[PDB]
Amino acid sequence: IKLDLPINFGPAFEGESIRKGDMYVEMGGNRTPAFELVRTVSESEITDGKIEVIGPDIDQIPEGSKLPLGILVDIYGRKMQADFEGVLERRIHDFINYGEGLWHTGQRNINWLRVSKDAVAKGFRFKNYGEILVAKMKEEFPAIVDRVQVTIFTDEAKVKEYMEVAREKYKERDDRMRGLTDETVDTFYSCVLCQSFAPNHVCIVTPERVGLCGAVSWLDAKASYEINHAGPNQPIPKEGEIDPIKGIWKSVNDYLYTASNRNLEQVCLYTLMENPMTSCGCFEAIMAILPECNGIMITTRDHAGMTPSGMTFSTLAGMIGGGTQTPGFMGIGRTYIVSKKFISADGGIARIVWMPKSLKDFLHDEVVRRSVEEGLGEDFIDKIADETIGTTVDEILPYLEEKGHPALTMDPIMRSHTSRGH
Ligand code: SF4
Ligand SMILES: [S]
Ligand SMILES: [Zn+2]
């Protein structure tokens, strides 16, 4: 339908970024609680086109301030399913990034948004989030979406409340993923949704490796392909298995070559050290090699602090970004860290020597579960250094020594390291 924003809106603005100095509001990114959700609802419980804002609006908050956020998108459609919810929810990301002076990254309840001083000057107000979502949902998913309603929560209480509604739907999606492993499926999925940001980037999504945005599970990719054969996701048959440990299939290599416009020739699903997966612009975390540690550090998009690699998330994002292949450096989704297949060819989670404490917190129970499953002890999470120990190799290494971090005494990871050239 019709969309009449006071701000430009379209593909050309998607890659915009908004510096703190230009920011009018910010919500999410661990600065305030924030979530987004897409729900199948029945038709009698939905008003098509209705957008409400519950809580303070853009003109009722100091400039440069923070706000908690709940984006709730109720969909009704004759053909609509629960299985599809994760597919539409992903699109909230570019839908918003199309608006000039609107910025969004992350997923679920670690999403992050900013609105620019200019967008506000021009007229933007929270209602417009709703208008964009209503228009675009309808436009992109014609066969699936008959009716759309949007609620934008900015009241502290209501976000806390609807967070639970979301948490519940989230857990429910993850349950569908429980049974499925890489060995026990015969199809993987390619994703190219982000080639607007990196023209040659392709994600290869398997049941044990979520998309680097952490918002496209194997099931999501599958659902997407069923929703639209000409869509951003394609099926890749597992065939021509070259290396079971590294994770190289002749057929994955084949579809990767085509999808990356003859740019990438091989990818290894289970290693960081040779033909690793490339990155677009929305990865949640970056893994970087730490040669002196015989290990790997991780830092996250929303973590501003120094890291023992000597650079911050941004500076790291700088090198690994753009669909180029970078041995020793990889962009990943948060929950990948706790996959069984997490860099399994390099010794798995045992290699992680440093992480932001927030990440540890977010993944706590899984880390502990996986720890036990590889005989690293339940106390393994506490042997991984974080910023409260130090940000430099000089600080963290004696800690690793003292705590007896397993990485220190494994095989030289650096021998694993195949250059990208020749
Ligand atoms: S990060 Fe990867 S899986 Fe997620 S939307 Fe992008 S290309 Fe797809
Ligand atoms: S991206
Ligand atoms: Zn992306």
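Of all residues in the stretch 191-199, one or more are near ligand 1 (Cβ under 6 Å from one of its atoms), in contact (Cβ under 8 Å) with a residue 60 or more places away in the chain, surrounded by 24 or more Cβ atoms within 10 Å (Cβ to Cβ) and over 17 Å from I236 (Cα atoms).
Considering the conditions (1) surrounded by 23 or more Cβ atoms within 10 Å (Cβ to Cβ); (2) more than 11 Å from ligand 1 (Cβ to nearest atom); (3) of a type in the set (S, T, N, Q), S217 is excluded by exactly one of them, (2). Filtered by the rule that a residue be over 15 Å from the mean Cα position of the chain (by Cα), in a loop (DSSP other than H, G, I, E, B) and of a type in the set (A, V, I, L, M), the stretch 190-223 gives a lone residue, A198.
Restricting attention to the stretch 239-266, which residues are within 16 Å of ligand 3 (Cβ to nearest atom) and part of a loop (DSSP other than H, G, I, E, B)? Give the derivation first.
Let us first name the residues in the stretch 239-266 that are within 16 Å of ligand 3 (Cβ to nearest atom), namely 259-260, 264.
Matches in the stretch 239-266: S260, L264.
Within the stretch 171-189, identify whether any single residue is within 16 Å of ligand 2 (Cβ to nearest atom), under 18 Å from the mean Cα position of the chain (by Cα) and either assigned by CATH to the domain that holds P237 or β-branched (V, I, T) (or both), and answer yes or no. No - not one qualifying residue is present in the stretch 171-189.
Of the residues making up the stretch 227-236, those that are more than 17 Å from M137 (Cα to Cα) and either part of a loop (DSSP other than H, G, I, E, B) or more than 8 Å from ligand 1 (Cβ to nearest atom) (or both) are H229, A230, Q234, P235, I236.
In the list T307, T315, which residue meets the criterion of being crowded, with 20+ Cβ neighbours inside 10 Å, away from ligand 2 (no atom under 16 Å from the Cβ) and either part of a loop (DSSP other than H, G, I, E, B) or without any contact (Cβ under 8 Å) to a residue 12 or more places away in the chain (or both)? Give the derivation first.
Details: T315 fails: crowded, with 20+ Cβ neighbours inside 10 Å.
Being crowded, with 20+ Cβ neighbours inside 10 Å, away from ligand 2 (no atom under 16 Å from the Cβ) and either part of a loop (DSSP other than H, G, I, E, B) or without any contact (Cβ under 8 Å) to a residue 12 or more places away in the chain (or both) holds for just one of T307, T315, which is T307.
Starting from the stretch 259-285, take each residue that is more than 25 Å from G347 (Cβ to Cβ) and list its partners that are of a type in the set (A, V, I, L, M) and in a loop (DSSP other than H, G, I, E, B), counting only C-beta distances under 6 angstrom and pairs at least six apart or across chains. Matching pairs, first to second residue: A259/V192; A259/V202; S260/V202; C280/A198. Apart from one condition, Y336 fits all of (1) within 16 Å of ligand 1 (Cβ to nearest atom); (2) more than 27 Å from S17 (Cβ to Cβ); (3) buried (at least 20 other Cβ atoms within 10 Å of the Cβ); the exception is (2).
What tally of residues in the stretch 163-213 results from selecting those that are away from ligand 3 (no atom under 16 Å from the Cβ) and closer than 30 Å to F13 by Cα?
Here is the first cut: in the stretch 163-213, the ones away from ligand 3 (no atom under 16 Å from the Cβ) are 163-188, 206-208.
If we keep only those that are closer than 30 Å to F13 by Cα too, we end up with 163, 166, 170.
Here the count works out to 3.
Determine if the stretch 163-173 includes at least one residue that is within 19 Å of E239 (Cα to Cα), away from ligand 1 (no atom under 16 Å from the Cβ) and touching a residue at least 24 places away in the same chain (Cβ under 8 Å). Please lay out each step first, then the result.
Filtering the stretch 163-173 down to residues within 19 Å of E239 (Cα to Cα) leaves none.
No.
Might you check whether a residue that is in a loop (DSSP other than H, G, I, E, B), more than 26 Å from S416 (Cβ to Cβ), in the same structural domain as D302 (by CATH) and touching a residue at least 60 places away in the same chain (Cβ under 8 Å) occurs anywhere in the stretch 353-362? So far as the stretch 353-362 goes, no, none of its residues is in a loop (DSSP other than H, G, I, E, B), more than 26 Å from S416 (Cβ to Cβ), in the same structural domain as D302 (by CATH) and touching a residue at least 60 places away in the same chain (Cβ under 8 Å). Taking the criterion of being outside any loop (DSSP other than H, G, I, E, B) and either in contact with a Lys or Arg (Cβ under 7 Å, 6 or more places away or on another chain) or more than 16 Å from ligand 3 (Cβ to nearest atom) (or both), the residues of the stretch 267-298 that qualify are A285, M287, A288, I289, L290, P291, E292, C293, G295, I296, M297, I298. A count restricted to the stretch 318-352 and to residues that are among the aliphatic types (A, V, I, L, M), part of a helix (DSSP H, G or I) and within 16 Å of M277 (Cα to Cα) stands at 4.
So which residues in the stretch 377-392 are farther than 13 Å from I298 by Cα and surrounded by fewer than 20 Cβ atoms within 10 Å (Cβ to Cβ)? Don't jump to the end; show me each part of the working.
Going through the stretch 377-392, the residues farther than 13 Å from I298 by Cα turn out to be 377-383, 388-390, 392.
Across the stretch 377-392, the qualifying residues are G377, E378, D379, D382, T388, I389, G390, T392.
If you go through the stretch 8-46 and keep only what is within 17 Å of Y129 (Cβ to Cβ) and either of a type in the set (S, T, Y) or more than 27 Å from the chain's Cα centre (by Cα) (or both), you end up with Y24, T32. Does the stretch 306-315 contain at least one residue that is touching a helix residue (DSSP H, G or I) at 6+ places or on another chain (Cβ under 9 Å) and within 16 Å of ligand 3 (Cβ to nearest atom)? Within the stretch 306-315, none of the residues are touching a helix residue (DSSP H, G or I) at 6+ places or on another chain (Cβ under 9 Å) and within 16 Å of ligand 3 (Cβ to nearest atom). With respect to the conditions (1) among the hydrophobic types (A, V, I, L, M, F, W, C); (2) without any contact (Cβ under 8 Å) to a residue 24 or more places away in the chain; (3) within 16 Å of ligand 1 (Cβ to nearest atom), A157 falls short on a single one, namely (3). Checking the stated criteria, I236 turns out not to satisfy the condition of being touching a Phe, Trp or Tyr at 6+ places or on another chain (Cβ under 7 Å), more than 16 Å from ligand 3 (Cβ to nearest atom) and within 18 Å of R173 (Cβ to Cβ). Residues that are part of a helix (DSSP H, G or I) and among the hydrophobic types (A, V, I, L, M, F, W, C) within the stretch 376-422 comprise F380, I381, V393, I396, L397, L400, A407, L408, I413, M414, listed in sequence order.
All of this is worked out from the model, or read from it or from the source named; nothing here is a laboratory result. Using ideal geometry, Cβ is built from the backbone for each residue, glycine included, and neighbour counts are taken over all protein chains shown.
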